[PDB]
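Below you'll find the structure, written out as structure tokens, and then a few comments.
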Amino acid sequence: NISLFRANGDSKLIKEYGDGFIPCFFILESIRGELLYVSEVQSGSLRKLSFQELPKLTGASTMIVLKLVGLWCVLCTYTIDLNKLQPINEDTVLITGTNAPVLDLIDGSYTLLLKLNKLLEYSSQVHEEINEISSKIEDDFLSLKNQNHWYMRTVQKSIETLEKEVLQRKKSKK
Amino acid sequence: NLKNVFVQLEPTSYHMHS
Amino acid sequence: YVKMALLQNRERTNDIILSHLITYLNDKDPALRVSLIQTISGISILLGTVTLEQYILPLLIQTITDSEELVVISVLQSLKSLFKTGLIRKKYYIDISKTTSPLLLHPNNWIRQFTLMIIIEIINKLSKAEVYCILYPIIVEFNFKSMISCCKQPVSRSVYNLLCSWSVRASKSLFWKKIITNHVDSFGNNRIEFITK
Amino acid sequence: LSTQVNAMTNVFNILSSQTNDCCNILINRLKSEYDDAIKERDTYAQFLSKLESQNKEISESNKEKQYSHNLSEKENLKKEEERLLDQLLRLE
Amino acid sequence: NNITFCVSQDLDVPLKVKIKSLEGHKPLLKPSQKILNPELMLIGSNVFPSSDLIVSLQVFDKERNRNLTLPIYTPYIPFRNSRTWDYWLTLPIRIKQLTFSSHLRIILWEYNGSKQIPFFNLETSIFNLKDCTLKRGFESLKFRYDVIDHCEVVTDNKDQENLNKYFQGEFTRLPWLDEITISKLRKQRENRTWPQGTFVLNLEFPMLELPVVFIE
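Chains as they are written, first to last, in the deposited numbering: chain V, 20 to 90, 111 to 151, 184 to 245; chain H, 986 to 1003; chain C, 595 to 603, 613 to 742, 750 to 807; chain R, 157 to 176, 184 to 255; chain A, 4 to 219.
Here is the structure:
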């Protein structure tokens, strides 16, 4: 199956040891099968209310870890498990938690043996299509060497002859 | 025939108003 | 007080909001202020559209989250194409500013697909805005073909060859201005008849 | 691909999966459309390669010809390319 | 319009300036764009942008190096038409408010290329040493990168044209021949010079009356 991850945003007050402004970056981690996810946002001060609205993708079996960190100090660390979530279910998870800072971050969580392998096979087919795209790019690149460049230089030469006619005309008038 | 032409812009006064 | 001075109308305060937007980094609050400045940009698009240009040029310094508003900003650029020529140059400044840091490839691909087509104007600033198309293309082969479809340059190779391409793209907008006069004359004429052939 | 297949086999072997969509179908449609577009680009690249080779070549001498021609042309162009600048700068 | 001497607090409202002409250097496209040349392979190498000259105005304060007046900028027509405007512009500081210590400044910002638009700089004085603000009159200026200024020769002739505005003793037939002097000022277009690193601009700010200035 699949568990949809969509974060509404982060609205809170976050402070650090050193005084400075940093861009809000929402980190999203998973246990297995998925990759490292991130979300870009701009606040810069202690207290802020922001909305991410950046769709993310993760594996079926995994635990979504949403940790707000400035871009640098860590704002908040929130853990979320899809183990409690059921199939074909869509809801929202609002995590209010405090480590250094006392913060709040709203992140929604939705959902979407043979079917999984079929999906992975489809993605693999898409990958083969990407390799075919690399082959097409290789075809278009290996198609021809510099050609139209000599036509541009030829246009420059035409401008040179035109400049010769202009200089000859100026010489005539002179 | 056609009427008076329509300009695309108009000049400021700044003269008699001064 | 900031929103009050911004809502005040005394257009000098609007220009004073530039330094406000510059130092706004201290304020991490919501986009409500930018929404008030957006409504101010609409009311400016009503009367003070020349000043709306300068404000919008400075408004590109927002650098804030929720990139979904940048689409409405692009629509605000299409709305900036309305009348003021200064708004065109300002939208070109915003075009380069957006060219520096992108957001969504496809939406901006179609966007720039229309914009580069509208960039063929012979205006001095229009050429500058037309030069950003090459910088956009930098960030490949499929895009090269898709761009080659609308490409007006047969001899185009690279950035320098693109400069030679723009050099071969030289045109006169005087007859285009007269054509615009013919368009306004057509607007003064009767378009009532939809018949053809 | 193969790694995910082996992992799937290990999932159907070393343990028992109790679990038995929209993003998958959407990715499938997107991959299909992208396959069609890449097919059009493949036809365009077919015509482009047709203009590239310009001959059947019997595919026995094709490699050697493709190796020699490009080298000869590339060795040929640089001379004139560097030659025009002399006259241009001369007049200028 | 009437000439008369009227002091700072005595004078009422804020200043305004009409600006018109320039001097083509002829080194580039007439807009001072891109530095045109047959060597333009280098222009592709130097990435030389084509800049359409526009202008901006703000006043350096008192020569105390503080900041007072407002930067202001107008729309864009051909600077290859040499951008002859005679366009008025203003800011919000009255003459009563205006400190006799004050100076004008201007920056010509062209429109060049990707993230590119040019910049040129100049400065001058607001009122006379006789306290009359630019004699409330027409003028012409010249400026380089730094430490440059304006003179009066043909601009002194133009200043005599401002003496026609300054109400030297005048008559009605003299006015008709002042239409003939519109033909003469039309003839004044014959001017020629080819300097570099510096430029000239024709800027008239004739008012009705001669200002004077003091403290509040």
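Every residue, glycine too, gets a C-beta built ideally from N, C-alpha and C.
- The beta carbon of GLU751 of chain C sits closer than 9 Å to some beta carbon of chain R.
- Near chain C, meaning a CB-to-CB distance below 7 Å, no residue of the segment 159-186 of chain A qualifies.
- Between the segment 217-229 of chain R and the segment 200-207 of chain V there are fewer than three C-beta pairs closer than 8 Å, too few to call the two in contact.
- Within the segment 34-45 of chain V, those residues whose Cβ lies closer than 8 Å to any Cβ of chain C are, in chain order, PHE40 and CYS43.
- With respect to chain H, the C-beta atom of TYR76 of chain A has no partner C-beta closer than 9 Å.
- Looking only at A:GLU182, A:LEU71, A:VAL156 and A:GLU155, the smallest Cα-Cα distance to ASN167 of chain A is reached by A:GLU182.
- Here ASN191 of chain R is not near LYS216 of chain V, since their CB atoms are 9 Å or more apart.
- For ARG767 of chain C, the C-beta contacts it makes with chain V under 8 Å involve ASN217, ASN219, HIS220 and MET223, in order along the chain.
- The C-beta distance from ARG224 of chain V to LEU252 of chain R rounds to 14 Å, too long to fall under 8 Å, and the pair is not in contact.
- Going by beta carbons, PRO41 of chain A and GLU236 of chain V fall outside the 9 Å limit.
- By the neighbour-count criterion, in which a residue is buried when 16 or more other Cβ atoms sit within 10 angstroms of its Cβ, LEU60 of chain A is buried.
- Considered as a whole, the segment 689-740 of chain C harbours 708-720 and 727-733 as its complete alpha helix (DSSP H) runs of no fewer than 4 residues, in chain order.
- As computed with DSSP, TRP91 of chain A is found in a beta bridge with A:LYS21.
- Under the Cβ distance rule, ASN169 of chain R does not count among the residues neighbouring chain V, no pair being separated by less than 9 Å.
- Here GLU155 of chain A is exposed. Its C-beta has fewer than 16 other C-beta atoms within 10 Å.
- Linking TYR595 of chain C to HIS198 of chain V through their CA atoms gives a straight-line distance of about 56 Å.
- If you check each beta-carbon in the segment 89-103 of chain A against every beta-carbon of chain R, none falls closer than 9 Å.
- DSSP lists A:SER59 as the bridge partner or partners of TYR76 of chain A.
- Distance from the CA of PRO126 of chain V to the CA of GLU803 of chain C, rounded to the nearest whole angstrom, comes to 60 Å.
- Not a single C-beta of chain R is nearer than 9 Å to the C-beta of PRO30 of chain A.
- Here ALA732 of chain C is buried. Its C-beta has 16 or more other C-beta atoms within 10 Å.
- For the 9 Å CB-CB criterion, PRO740 of chain C and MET757 of chain C form a contact.
- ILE664 of chain C and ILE625 of chain C have their C-alpha atoms spaced approximately 8 Å apart.
- In the assembly as shown, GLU53 of chain V is a buried residue. Its beta-carbon has 16 or more other beta-carbons within 10 Å.
- Beta-bridge partners of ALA26 of chain V (DSSP): V:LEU73 and V:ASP146.
- Using beta-carbon distances, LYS226 of chain R does not count as an interface residue toward chain V, since no partner is under 9 Å.
- For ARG204 of chain R, the chain C residues whose C-beta falls within less than 7 Å of its own C-beta are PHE752 and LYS755, listed in chain order.
- Nearest CB-CB separation between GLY47 of chain A and chain C: below the 9 Å threshold.
- If you check the CB distance, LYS37 of chain A and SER54 of chain A come in under 9 Å.
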